[PDB]
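Accompanying notes for the structure given below.
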Amino acid sequence: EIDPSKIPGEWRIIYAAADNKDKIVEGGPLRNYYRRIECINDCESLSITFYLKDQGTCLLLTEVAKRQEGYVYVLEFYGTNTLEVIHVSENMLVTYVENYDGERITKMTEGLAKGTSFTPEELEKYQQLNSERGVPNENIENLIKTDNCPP
């Protein structure tokens, strides 16, 4: 059960995982450094602020994802995406994204944090969510360690 009151916040991304790992490694289009999620009209839309890093340059973007059904949203960004908020707590948010780039479908997750770094229970929860959705835990990338764009 998703509590929409917990969705908004100054989130940072710790981990991402994808079946097509090339999408989320450094230089990949779906390696996105979160800064903020804002709910618009009671989460009818999510306004998501994040950085892309390209050739050493930090690109600060805000993209708006529109509600499709429940907490599944849609946005065009390097292809057609659905983005689902699959877990949210006071300190953790996990997304599940399906991206179609005209050639491949990519299934991926993002593990976002507030406060201190992911605990062991948070790490395990993230891996369990991945396994439930067929996203390989062997394809987990640590994003926070390469996030050197402005706070």
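Following the order of the structure tokens, first chain is A, next is B, and so on, with residues numbered from 1 inside each chain and ligands from 1 in the order they appear.
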Please report, as a PyMOL selection string, each residue of chain A to which DSSP assigns alpha helix (DSSP H) when run on this structure's backbone.
chain A and resi 120-132
Among segment 6-99 of chain A, which ones does DSSP place in strand (DSSP E), written as a ChimeraX atom specification?
/A:12-18,33-40,45-54,57-69,72-76,80-88,92-99
Who sits within 12 Å of residue 81 of chain A, only C-alpha atoms, same chain under 4 positions skipped, as a list in words:
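Listing them by chain and then by number gives residues 30, 63, 64, 65, 66, 67, 68, 72, 73, 74, 75, 76, 77, 95, 96, 97, 98, 99, 100, 101, 102, 104, 105, 106, 107 and 108 of chain A.
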Report, in Å with one decimal, the straight-line distance from atom CA of residue 11 of chain A to atom CA of residue 59 of chain A.
17.1 Å
List the neighbours of segment 125-131 of chain A out to 9 Å using only C-alpha atoms; skip same-chain residues closer than 4 positions along the sequence, and give me the result as a PyMOL selection string.
chain A and resi 17-18+86-87+94+96+108-111+120-121+135-137
So that I can see what lies close to segment 43-52 of chain A, please list as a PDB file with C-alpha atoms, in the first residue's frame the residues with an atom at most 7 Å from it, counting only C-alpha atoms and leaving out residues fewer than 2 positions away in the same chain.
```
ATOM      1  CA  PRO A   4       0.948   9.414  -1.271  1.00  0.00           C
ATOM      2  CA  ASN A  32      19.392   9.663 -13.407  1.00  0.00           C
ATOM      3  CA  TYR A  33      20.546  11.474 -10.293  1.00  0.00           C
ATOM      4  CA  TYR A  34      17.458  12.394  -8.300  1.00  0.00           C
ATOM      5  CA  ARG A  35      17.166  15.637  -6.357  1.00  0.00           C
ATOM      6  CA  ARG A  36      13.418  16.053  -5.768  1.00  0.00           C
ATOM      7  CA  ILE A  37       9.952  14.596  -6.329  1.00  0.00           C
ATOM      8  CA  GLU A  38       6.989  16.944  -6.034  1.00  0.00           C
ATOM      9  CA  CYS A  39       3.368  15.828  -6.153  1.00  0.00           C
ATOM     10  CA  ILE A  40       1.102  17.954  -8.349  1.00  0.00           C
ATOM     11  CA  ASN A  41      -2.645  18.005  -7.687  1.00  0.00           C
ATOM     12  CA  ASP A  54      26.999  13.833 -20.056  1.00  0.00           C
ATOM     13  CA  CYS A  58      25.813  18.088 -15.086  1.00  0.00           C
ATOM     14  CA  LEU A  59      22.425  18.709 -16.759  1.00  0.00           C
ATOM     15  CA  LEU A  60      19.701  19.736 -14.300  1.00  0.00           C
ATOM     16  CA  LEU A  61      16.270  18.649 -15.539  1.00  0.00           C
ATOM     17  CA  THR A  62      12.680  18.649 -14.365  1.00  0.00           C
ATOM     18  CA  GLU A  63      10.370  16.119 -16.021  1.00  0.00           C
ATOM     19  CA  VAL A  64       6.666  15.677 -15.278  1.00  0.00           C
ATOM     20  CA  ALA A  65       5.188  12.183 -15.169  1.00  0.00           C
ATOM     21  CA  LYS A  66       1.412  12.001 -15.611  1.00  0.00           C
ATOM     22  CA  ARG A  67      -0.721   9.516 -13.713  1.00  0.00           C
TER      23      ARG A  67
END
```
